[PDB]
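Notes for the structure review
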Amino acid sequence: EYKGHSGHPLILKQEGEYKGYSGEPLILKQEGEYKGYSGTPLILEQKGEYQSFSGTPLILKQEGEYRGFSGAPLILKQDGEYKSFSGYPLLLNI
Amino acid sequence: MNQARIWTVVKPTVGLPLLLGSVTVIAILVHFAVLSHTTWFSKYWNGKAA
Amino acid sequence: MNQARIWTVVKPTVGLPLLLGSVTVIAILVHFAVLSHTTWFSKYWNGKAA
Amino acid sequence: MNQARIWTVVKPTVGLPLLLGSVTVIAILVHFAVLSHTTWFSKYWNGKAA
Amino acid sequence: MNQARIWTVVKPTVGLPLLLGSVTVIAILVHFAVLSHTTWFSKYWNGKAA
Amino acid sequence: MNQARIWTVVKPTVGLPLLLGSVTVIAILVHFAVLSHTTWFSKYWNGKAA
Amino acid sequence: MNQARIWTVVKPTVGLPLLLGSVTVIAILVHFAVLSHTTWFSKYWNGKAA
Amino acid sequence: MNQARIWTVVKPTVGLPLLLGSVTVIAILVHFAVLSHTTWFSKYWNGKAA
Amino acid sequence: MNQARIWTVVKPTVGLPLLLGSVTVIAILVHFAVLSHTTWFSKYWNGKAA
Amino acid sequence: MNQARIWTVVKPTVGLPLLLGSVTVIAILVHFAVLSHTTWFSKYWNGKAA
Amino acid sequence: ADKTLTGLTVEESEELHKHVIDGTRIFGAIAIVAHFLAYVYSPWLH
Amino acid sequence: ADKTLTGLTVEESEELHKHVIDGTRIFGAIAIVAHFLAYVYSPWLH
Amino acid sequence: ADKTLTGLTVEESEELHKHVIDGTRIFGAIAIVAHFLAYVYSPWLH
Amino acid sequence: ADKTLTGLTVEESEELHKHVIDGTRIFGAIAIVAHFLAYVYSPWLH
Amino acid sequence: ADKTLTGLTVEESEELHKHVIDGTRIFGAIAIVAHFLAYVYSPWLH
Amino acid sequence: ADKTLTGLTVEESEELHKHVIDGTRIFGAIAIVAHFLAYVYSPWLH
Amino acid sequence: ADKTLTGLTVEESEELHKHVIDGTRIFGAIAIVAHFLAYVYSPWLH
Amino acid sequence: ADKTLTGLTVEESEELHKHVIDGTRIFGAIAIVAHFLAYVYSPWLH
Amino acid sequence: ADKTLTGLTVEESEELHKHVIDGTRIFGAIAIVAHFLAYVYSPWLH
Ligand code: BCL
Ligand code: BCL
Ligand code: BCL
Ligand code: BCL
Ligand code: BCL
Ligand SMILES: CC(C)=CCC/C(C)=C/C=C/C(C)=C/C=C/C(C)=C/C=C/C=C(C)/C=C/C=C(C)/C=C/C=C(\C)CCCC(C)(C)O
Ligand SMILES: CC(C)=CCC/C(C)=C/C=C/C(C)=C/C=C/C(C)=C/C=C/C=C(C)/C=C/C=C(C)/C=C/C=C(\C)CCCC(C)(C)O
Ligand SMILES: CC(C)=CCC/C(C)=C/C=C/C(C)=C/C=C/C(C)=C/C=C/C=C(C)/C=C/C=C(C)/C=C/C=C(\C)CCCC(C)(C)O
Ligand SMILES: CC(C)=CCC/C(C)=C/C=C/C(C)=C/C=C/C(C)=C/C=C/C=C(C)/C=C/C=C(C)/C=C/C=C(\C)CCCC(C)(C)O
Ligand SMILES: CC(C)=CCC/C(C)=C/C=C/C(C)=C/C=C/C(C)=C/C=C/C=C(C)/C=C/C=C(C)/C=C/C=C(\C)CCCC(C)(C)O
Ligand SMILES: CC(C)=CCC/C(C)=C/C=C/C(C)=C/C=C/C(C)=C/C=C/C=C(C)/C=C/C=C(C)/C=C/C=C(\C)CCCC(C)(C)O
Ligand SMILES: CC(C)=CCC/C(C)=C/C=C/C(C)=C/C=C/C(C)=C/C=C/C=C(C)/C=C/C=C(C)/C=C/C=C(\C)CCCC(C)(C)O
């Protein structure tokens, strides 16, 4: 046992329900669905397409294949190797 | 009230501490802002200036 | 509206906290900026200065 | 008193340190605020000002 | 337009949020810079200075 | 003395360093506060002002 | 050009963001430095000073 | 000399770096405090003030 | 030259970014120091100050 | 010289970077301290101050 | 039903959000009173 | 169709973005009103 | 019962929250006394 | 072919970068207009 | 008993807290003496 | 050959570096032009 | 024996703490000398 | 030889350090030139 | 012998510490010289 130096007890020893010092109840149980102390309703359901408040469409679909609003091309072709714009040699490892 | 599914993609142990903490930080910032840019807030704490 | 697939590569528990947090931080910064570089914003909070 | 189930979704090793730490940080910030925006708090520490 | 393969070595959930966040931080910094080192930007927010 | 079971939910390698660290940080902050808002504390270090 | 193998020991998802990020931070710091320690840079932004 | 079993519950690769780091940071801070709030420590460094 | 085996106990993805980063930070700090504590460095950037 | 076994409990990839980094930070801090609290250090860099 | 990134079901998520909505409304109510008190006792809006 | 890096399918990601788009549009609408109120009561643009 | 996100059961979470509520009430009581002393000795509210 | 470090194929990465390139061109075009407006109304370059 | 989130049994957690309580009492005892010496030598409360 | 700490082969690491070198050279070229314009329009070096 | 959280036995933890105690004693003795020197040469306590 | 904490063999660590030593030498050499140029054009050491 | 928390054997830890001790001595030696140079050229300790 930890002997300490500042007298005893060092901890309280009772068991069961926590006998908190500041009266009771300490918490409010719930038997079921949460009821707001700010009344009801609390939630608006989603049951399909998300109902915007800001009109429609909410998104623009892409066919697994993007093309930009800045048109084209969005990337350069790259095959066999990288192509540098700043000339060669591009590496000088041992 | 329609964002109730956010907790299915955002982890509660992340979003809840960040929400409560951010709200408390915003409150602290507003108090410090008004305390610095006003005379009466300081005067209220100073009181009679005893 | 064409970036809808961003959440397939960016984790919602990261991107959504960052999005909401950043927009809030930006708003706080814009308030502090106008507050520090104007007189009328401070005067509004000071009111009669009573 | 109705939020008791929060610990089922927020990890105690995270929420409890953040709670106790934030409360302490707020107390420090309030003491520094009153100390820097009042005259009597500093005067109390100076006492006789010897 | 030749760096497209960077996402094969840099995690999108890391680099893409860090890119958008950095661009935003830079824009904020440029606004604060011009706001602090000019008169007309502050003057624009004051307007009539009522 | 009744919170003894806190170590069953908060990791000791986290809570104990945070506790000892925070207590030390608070003590440091209190010293700097008194040092910055009093004359006798600085006067004590300055001594004869050699 | 002889360091091409650094990416075998430094993770690309770490070194690439940290490289590009640090470069950008340096550029930001250099602009702020020249802006804080020169008159003509601020004078350029003020222009007609309207 | 009775706390010896703390290393059964606090990771040595955490508690020892934090201990040595914190002691060092405290020592640095006490130097910067006495340096900022005395005349003679600066004077000791200035010497003959060539 | 006798420290070559450090990379067997310090991860390259950690030590190398910290090394390169620390060197850059030191260089930045030295430039800011000389720029703040000297007249000629600022005068060099001003040039004609036109 | 008797602490050699510390590397059995503290990770080298942690203690060594923290040690080298801390020594570097302390050195930088001492330079900035003497640079701010003395005249001869600034004078040395300013030289002829032409 | 299917697994969720957070491991929290739709029902549990909607019940969790109920506390968030109620908490926001309770925070808003207390804040409204605080603003009313601030208006009555401070020179703001005067 | 295949497992994405985050786990959200294309359909789940597109549905999530609808809330982000609607959230932005709501934030914009509120911000526009706040700008009008600021304009009417502050000396800005006057 | 079912595995929770944190691993604590509803019963264990309730017993934990009892200490949190008690702690808040104790902190509040000490704070109230501290505010009363501040009023008695400081010029606040004078 | 082989599993990349991030898990995205070369094709998926290239399709991703198209949004980054387009996003940069969109941001750049908007910024160009913002600079034109700032020029027309601020004393900059006047 | 049963396994906890931290792996410490109730008995282990209680024996750990004994050090925390005794440490707090030792810190408080030293702090009280420090406040007494501060009072005896500083102008505080004089 | 054997698995590197990052998982990239030597060929992949070198092909990656080619973009870093090229990117550095492009950044340098732009920076050089930026310095030339700064010299032509600012009072620096005058 | 049985697993501690860290994996150090009680005996290994006590042998570790001997260095921590001895380190604190050495740090203290050097600091005592440093305070004596600071007293001897500075105007503190003079 | 046996598995190291980082996974790099002795030969790999030594080959890596060669780039670090060479890098420090290259950095040092350029820094010496920068110091010489600074000494020539600045009032330092004059 | 037994496994350590870091994975290094006692023999490997002592070898690593030799480099740390040697490095500290080298740092100390250079620092002593730097203090001697500073004493000679700066007005300190004059
Ligand atoms: C240096 C003195 C020791 C000390 C020695 C003892 C002794 C001896 C006994 C206790 C005992 C008790 N201690 Mg103890 N205890 C100290 C610090 C504390 C503090 C604290 C500072 O917050 C607290 C709350 C406690 C708590 C308690 C209770 C559990 C218990 C009954 C109260 C009592 O009469 O105490 C003793 C009360 C007083 C001495 C009056 C003043 C009390 C105040 C609250 C604290 C004084 C601290 C003092 C300034 C430290 C320096 C003293 C100088 C060395 C002269 N100890 C210090 C560290 N403690 C008893 C016990 O468990 O017996 C089996 C008991 O007989
Ligand atoms: C120190 C006294 C204890 C306390 C002791 C009691 C008692 C006694 C009772 C309750 C009971 C109740 N407590 Mg309690 N309770 C305290 C703190 C609180 C706080 C709070 C401060 O925010 C709250 C909201 C509650 C909540 C509640 C309700 C669930 C219930 C009905 C109200 C009541 O009787 O209040 C009682 C409190 C007041 C009217 C005002 C309290 C004023 C000050 C703050 C404390 C009393 C003076 C004291 C000597 C000052 C020293 C404090 C110490 C420095 C810590 N407790 C403190 C920590 N509690 C009741 C119950 O469950 O009955 C079966 C009941 O009869
Ligand atoms: C009530 C205000 C609602 C709103 C309700 C509607 C309605 C109703 C409709 C659309 C429709 C559209 N909306 Mg919407 N929408 C809002 C905000 C936006 C914003 C934005 C602020 O940036 C955008 C870009 C969009 C985008 C669009 C298009 C997808 C679509 C076709 C445009 C059109 O016909 O507009 C028509 C004009 C507008 C949408 C108004 C624009 C002016 C803004 C909203 C002014 C500021 C706020 C205003 C004073 C109201 C008070 C706000 C509260 C204080 C929160 N919405 C807000 C959240 N939206 C339409 C559609 O789907 O057609 C097929 C449609 O019928
Ligand atoms: C058009 C501007 C392009 C460019 C286009 C080319 C072309 C075209 C060629 C090279 C080749 C070379 N380039 Mg290149 N290159 C640029 C930037 C660089 C930079 C740099 C720090 O900016 C460096 C170090 C290099 C390096 C090199 C060498 C490996 C090689 C020349 C060897 C030689 O004989 O050397 C001694 C001479 C040099 C080192 C000079 C190299 C070029 C200078 C540095 C370019 C200045 C660009 C200017 C400031 C701004 C351009 C405007 C816009 C910002 C884009 N490039 C930019 C991005 N480069 C050549 C080669 O050998 O290919 C086989 C070649 O044909
Ligand atoms: C009036 C205008 C201002 C000014 C305003 C700005 C502003 C504002 C900025 C700069 C930027 C830069 N300025 Mg300038 N600048 C001024 C005057 C100077 C002076 C000086 C002493 O007067 C110097 C040294 C510089 C130099 C520089 C660079 C450090 C930097 C661009 C980096 C770059 O191109 O990276 C690309 C890299 C390369 C070109 C190197 C690779 C090519 C070389 C040729 C190949 C060899 C590599 C070598 C061997 C590797 C070394 C290995 C070591 C071990 C590390 N300028 C004047 C006073 N300058 C920018 C910056 O900070 O960028 C980060 C920036 O935003
Ligand atoms: C510095 C100075 C002075 C000046 C300059 C300052 C400066 C530069 C300013 C720049 C400002 C900028 C850029 C502002 C940008 C603002 C923006 C973009 C706001 C966006 C708001 C978005 C919102 C509100 C999103 C809500 C999302 C929501 C609620 C998401 C809900 C998701 C759910 C429910 C999960 C569903 C899961 C399943 C599908 C499975 O069901
Ligand atoms: C301080 C002073 C005075 C001065 C400082 C001066 C100074 C230094 C200034 C520096 C300025 C700089 C550097 C500015 C740089 C600006 C840049 C680079 C802007 C970039 C914008 C990028 C955007 C908008 C990206 C959008 C990405 C998007 C939308 C990505 C979408 C991704 C998806 C959909 C993933 C799913 C896809 C799948 C195919 C897989 O399905
Ligand atoms: C503050 C004051 C007053 C003074 C301070 C003064 C001071 C100290 C200044 C210091 C300045 C310094 C140090 C500046 C240094 C600047 C440097 C080094 C710039 C480097 C730029 C590098 C770039 C642009 C890299 C792009 C990489 C890229 C795009 C990589 C692409 C990778 C891909 C596509 C993956 C492919 C994968 C697969 C092959 C498998 O497909
Ligand atoms: C800025 C200016 C100038 C002005 C404005 C400033 C401003 C805005 C101020 C705002 C202030 C606010 C918001 C203050 C809020 C304060 C609050 C909420 C305090 C709460 C205290 C809670 C405590 C003490 C909890 C202790 C829990 C404990 C000990 C839990 C122990 C648990 C155990 C043992 C159970 C585990 C074992 C098992 C059950 C499993 O068996
Ligand atoms: C800034 C201004 C102006 C004003 C601000 C004013 C302001 C707000 C001030 C606030 C001040 C506050 C709040 C102060 C709080 C102070 C406190 C709480 C002190 C606590 C001290 C605790 C100690 C010393 C704990 C030692 C634990 C120990 C040694 C634990 C040992 C554990 C072991 C051995 C493991 C066993 C394993 C096994 C064997 C069982 O298995
Ligand atoms: C700012 C103002 C004005 C005022 C502020 C005032 C203020 C608040 C001041 C506060 C000051 C404080 C609190 C100071 C505290 C100082 C302390 C506590 C110093 C402690 C030093 C400890 C040391 C040196 C430990 C060395 C450990 C060592 C070497 C450990 C070695 C371990 C090994 C080899 C592993 C074994 C492996 C195996 C054998 C098991 O196998
Ligand atoms: C600085 C200047 C000058 C100017 C700045 C101006 C400026 C920008 C100001 C901005 C201010 C803003 C944005 C303020 C926003 C405030 C908000 C949004 C407050 C929200 C409060 C929310 C609360 C209180 C939530 C409580 C949740 C709770 C308790 C959740 C409980 C959950 C449980 C129990 C788990 C259940 C699990 C199971 C379902 C299984 O049972």
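As summarised from the PDB record, the model derives from cryo-EM at a stated resolution of 2.7 Å.

Here we look at the UniProt feature "binding site: a bacteriochlorophyll" (unreviewed entry) in chain K
All names here are of chain K. According to UniProt, the "binding site: a bacteriochlorophyll" (unreviewed entry) feature falls on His 17 and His 35. These annotated residues cover 19 residues of sequence, and their C-alpha atoms reach 26.3 Å apart at the extreme, placing them across more than a single site. Relative to the helices and strands, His 17 is located in helix α1 (residues 10-41). Judged by its relative accessible area of 7%, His 17 is buried. Structurally, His 35 is set in helix α1.

Some words on the UniProt feature "domain: Antenna complex alpha/beta subunit" (unreviewed entry) in chain K
Listed under "domain: Antenna complex alpha/beta subunit" (unreviewed entry) in the UniProt record, and renumbered for this structure, are residues 11-45 of chain K. As annotated, residues 11-45 of chain K comprises 89% helix and 0% strand, and the C-alpha atoms at either end are separated by 45 Å.

Re unusual backbone geometry
Negative phi values dominate among residues other than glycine, just as trans dominates among peptide bonds. The residue after A:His8, namely A:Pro9, is reached through a cis peptide bond having omega 5°. The backbone of F:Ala49 sits at a positive phi, close to 60°, despite the residue not being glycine. Looking at where F:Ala49 falls in the secondary structure, it is placed in the segment after α2 (40-46). Here K:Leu45, not a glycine, exhibits a phi torsion of approximately 65°, which is positive.

A few points about the site of ligand 6
The full set close to ligand 6 counts 19 residues, and B:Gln3, B:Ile6, E:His31, L:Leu16 and L:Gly23 are the nearest of them. At the site occupied by ligand 6, nearby residues are drawn from chains B, C, E and L. Relative to its free-state accessible area of 1,100 Å², ligand 6 is covered by the protein chains to the extent of 77%. Only α1 (12-36) of chain C, α1 (12-36) of chain E together with α1 (10-41) of chain L provide two or more residues apiece to the shell around ligand 6. Top element by residues in the shell around ligand 6 is α1(L). It accounts for six residues. A breakdown of the residues in the shell around ligand 6 according to their chemical character gives eleven nonpolar, five polar and three charged.

Brief notes about a nonpolar patch on the surface
Side chains of G:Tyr44, N:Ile32, N:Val33, N:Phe36, N:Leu37, N:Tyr39, N:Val40, N:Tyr41 and N:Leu45 sit close together on the surface and give an oily, nonpolar patch of about 950 Å² of accessible area. No other element matches helix α1 (residues 10-41) of chain N, which puts seven residues into the nonpolar patch. Note on placement: N:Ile32 falls in helix α1. The exposed category is assigned to N:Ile32, whose relative accessible area is 61%.

So, the pattern of salt bridges
Taken as a whole and assessed by the stated rule, the structure comprises 16 salt bridges over all chains. A salt bridge links A:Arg67 to A:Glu65; the nearest nitrogen and oxygen atoms lie 2.5 Å apart. Under the relative-accessibility criterion, A:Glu65 is labelled partly exposed at 44%. We note a salt bridge from R:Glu15 to R:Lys18, for which the minimum N-O separation is 3.1 Å. Of this pair, R:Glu15 and R:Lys18 both sit in helix α1 (residues 10-41), three residues apart, roughly one helical turn. A relative accessible area of 36% means that R:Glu15 is categorised as partly exposed. Residue classification places R:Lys18 among the partly exposed residues on the basis of a relative accessible area of 47%.

A short note on the interface of chain B and chain K
In this complex, chain B contributes 15 residues to the contact, which on the side of chain K involves 16 residues. The three residues of chain B that bury the most area against chain K are B:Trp7, B:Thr8 and B:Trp40, which together make up 41% of that side's buried surface. The interface formed by chain B and chain K includes zero salt bridges. Counting across the interface, chain B meets chain K through five residue pairs in polar contact.

Criteria and cut-off values
- Sequence order as written determines residue numbers, which begin from 1 on each chain and need not coincide with the entry numbering; residues that lack coordinates are not included.
- The lettering of chains begins at A and the numbering of ligands begins at 1, in the order of writing.
- Computation of side-chain values: all heavy atoms of the structure, hydrogens and water removed.
- UniProt positions are given in the numbering used here, feature names are shortened, and annotations may be inferred rather than shown by experiment.
- By the criteria applied, helices consist of DSSP H or I runs no shorter than four residues and strands consist of E runs no shorter than two, each listed in order from the N terminus.
- Classification of residues uses two cut-offs on accessible area relative to the type maximum, computed with a 1.4 Å probe and protein chains only: under 20% is buried, over 50% is exposed, and between them is partly exposed.
- Being near a molecule or strand, for a residue, means having at least one of its heavy atoms within 4 Å of it.
- Per-residue and other accessible areas were derived by the Shrake-Rupley procedure at a 1.4 Å probe size, with only the shown protein chains allowed to occlude residues.
- Note that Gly is not counted as nonpolar here; it falls among the polar residues with everything else outside the nonpolar set of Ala, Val, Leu, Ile, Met, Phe, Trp, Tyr, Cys and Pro and the charged set of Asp, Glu, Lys and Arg.
- For patch building, the residue pool is restricted to those with more than 30% relative accessible area and no salt bridge; the joining distance is 9 Å between like charges and 5 Å between nonpolar side chains (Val, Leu, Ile, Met, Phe, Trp, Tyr).
- Here, a salt bridge means any side-chain nitrogen of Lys or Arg that lies within 4 Å of a carboxyl oxygen of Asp or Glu.
- Contacts: residue pairs with any heavy atoms within 4.5 Å of one another.
- Buried area is a sum: the accessible area each of two parts loses on coming together, probed at 1.4 Å, counted once for each and added.
- We define a polar contact as two N or O atoms separated by no more than 3.5 Å, with the added condition that, inside protein, one atom must be a possible hydrogen donor and the other a possible acceptor, whereas residues neighbouring each other in sequence contribute only through side-chain atom pairs.

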